[PDB]
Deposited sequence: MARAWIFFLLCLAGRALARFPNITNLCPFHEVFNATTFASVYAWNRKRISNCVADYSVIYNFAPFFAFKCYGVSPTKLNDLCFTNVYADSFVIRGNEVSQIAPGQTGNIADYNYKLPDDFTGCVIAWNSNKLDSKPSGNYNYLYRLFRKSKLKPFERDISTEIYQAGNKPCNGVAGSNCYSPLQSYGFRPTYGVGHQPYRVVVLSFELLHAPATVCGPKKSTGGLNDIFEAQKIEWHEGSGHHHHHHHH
C-alpha cells in the first residue's frame, strides 16, 4: 500500500513558493479514499494557498500563483484536490509563515520551482540588495486568520500528477 495518508493527513503543508513534491512508487496505489475536486510514477504536490487562488491550479490558467509560484502545464493529466483548512492553518494573531512570490523577472515553466530571495529591481538604478526605492523583496506572507471570508481562508491543495 502507498503512503497516501501521509500526504493528505500530515500536520504541516509547505509554502506555495516552495511546494513539496513527494514521489509515490513501488506500492499498490489504492485510490478509494472537499472544497473542489477535478480530474509510471505519481507525484503529489502539497502546498497551501488562498481560497480564491484555487482556480489557478488548472491547465490554461494564469495569475500570481499560476505564473510566479506553481505552474501547472496545459497538457496535464491528474487530479486536483482541495479542502478548507481554516481550523488548522489560521491564527487570531495572523499565521504569517506561509509565503508566495508576488513579483518575478519572468514567468515559470511547468513544475519549475525557484526559492531564491534576490531583491527585485523594478527601476533602472541599482539598490545593491537594499529594499529601497524601486526595489522590493520577492516573497510576501499570507496573514491567515480564522475570521476571514471564504475566498480568503487557507486551503490545502494536493495535486496528483500522473
property	result
In sequence order, the deposited-sequence ranges that have no modelled C-alpha atom	1-25, 59-64, 71-83, 207-249
